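Contents: one structure, followed by commentary.
Basis for what follows: all heavy atoms, side chains included, without hydrogens, waters or symmetry-related copies. By convention in this document, chain letters (A, B, ...) are assigned in the order of the sequence lines, proteins followed by strands, and residues within each chain are numbered from 1.
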Number of protein chains: 2
Amino acid sequence: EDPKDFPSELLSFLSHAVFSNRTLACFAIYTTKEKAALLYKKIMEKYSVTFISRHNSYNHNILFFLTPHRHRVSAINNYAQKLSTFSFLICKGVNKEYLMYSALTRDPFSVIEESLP
Amino acid sequence: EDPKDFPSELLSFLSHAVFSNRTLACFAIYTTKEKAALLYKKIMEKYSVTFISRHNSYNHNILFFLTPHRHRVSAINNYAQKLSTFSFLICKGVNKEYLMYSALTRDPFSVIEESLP
DNA sequence: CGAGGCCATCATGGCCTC
DNA sequence: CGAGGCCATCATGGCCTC
């Protein structure tokens, strides 16, 4: 039922590092449409986001975003966990920023909302 | 009997990469005193070496050297294998150049020969 | 082909601080 | 302590060529 990773199509644009203290500035979260609508507003505010888009991903929503400062993926996961409870919530750092966004606007993906195009 | 790696004291200065196409310019070979005396002259010539020292390492000899151009560790191993046969021959790339040399001049290590100090 | 170069990418982990 | 930043190091592997 609930996804356990991102969609194969996306997996190459993503960091899967487990033992890294690396900070980055582009992230994506996979969760339910309604949790993603909430996190859109909350994440935008928390991280003074430079950009943030919400996307349809299969039965669900992918939040994509970039931040003025860097964060550990863990830190953003710990932040989102404080806002609500989630059936699933998968939070991953984005290695290939432009290519993640492009594909999430493309298909089987749609834009729902975004602070620019 | 014959060593199967370099001495623990040295292991941190060394590359242990198995699946890398990386080229570098500083190497060390662990082998018998007599194979090392041979490779000293031969390695110097083959690689137009910028520097090369031979060292006493326990019952044995460590060849240390730097090259004007870069090489895969594998390439230098393949070269040394063409010169003779060896009871053991351990060829490794050197990550920390200065610190490898310093320690090999230090102790339980001595210089035997070197194209400078 | 496969030996032996090139490079960009990014995970590892040491370190530091509130 | 331990969350969450910083960075330098260097292994991975894609690519290319004789």
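A search for ring-ring contact (aromatic ring centres under 6.0 Å, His included) contacts involving A/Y30 returns A/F6, A/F88, not counting sequence neighbours. In this view, B/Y47 and B/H71, B/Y79 satisfy the ring-ring contact (aromatic ring centres under 6.0 Å, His included) rule, not counting sequence neighbours.
When heavy atoms are screened at a 4.0 angstrom cut-off, B/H71 is found touching the sugar-phosphate backbone but no base atom.
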Could you run down nucleotides 8-18 of chain D 5' to 3' and tag each one B, S or - for protein heavy-atom contact under 4.0 Å?
-> --SSBBBB---
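Without hydrogens or angle criteria, B/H16 side chain to B/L11 main chain gives a donor-acceptor distance under 3.5 Å. Under a 3.5 Å cut-off, the side chain of B/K4 and the backbone N or O of B/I90 do not form any donor-acceptor pair.
Atom NE2 of B/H55 is separated from atom CZ of B/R106 by 13.5 Å, given to the nearest 0.5 angstrom.
Side chains of A/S12 and A/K96: no donor on one and acceptor on the other come within 3.5 Å.
Residues from residues 74-81 of chain A that place a heavy atom under 4.0 Å from any atom of DNA chain D, listed by number: A/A75, A/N78. The stretch residues 38-49 of chain B has no heavy atom under 4.0 angstrom from DNA chain D at all.
Aromatic ring orientation, B/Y101 versus B/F64: tilted (interplanar angle from 30° to 60°).
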Pairs under 3.5 Å (Watson-Crick or G-U), crossing ones as [ ], inter-strand ones as |: DNA chain D comes out as .||||||||.||||||||
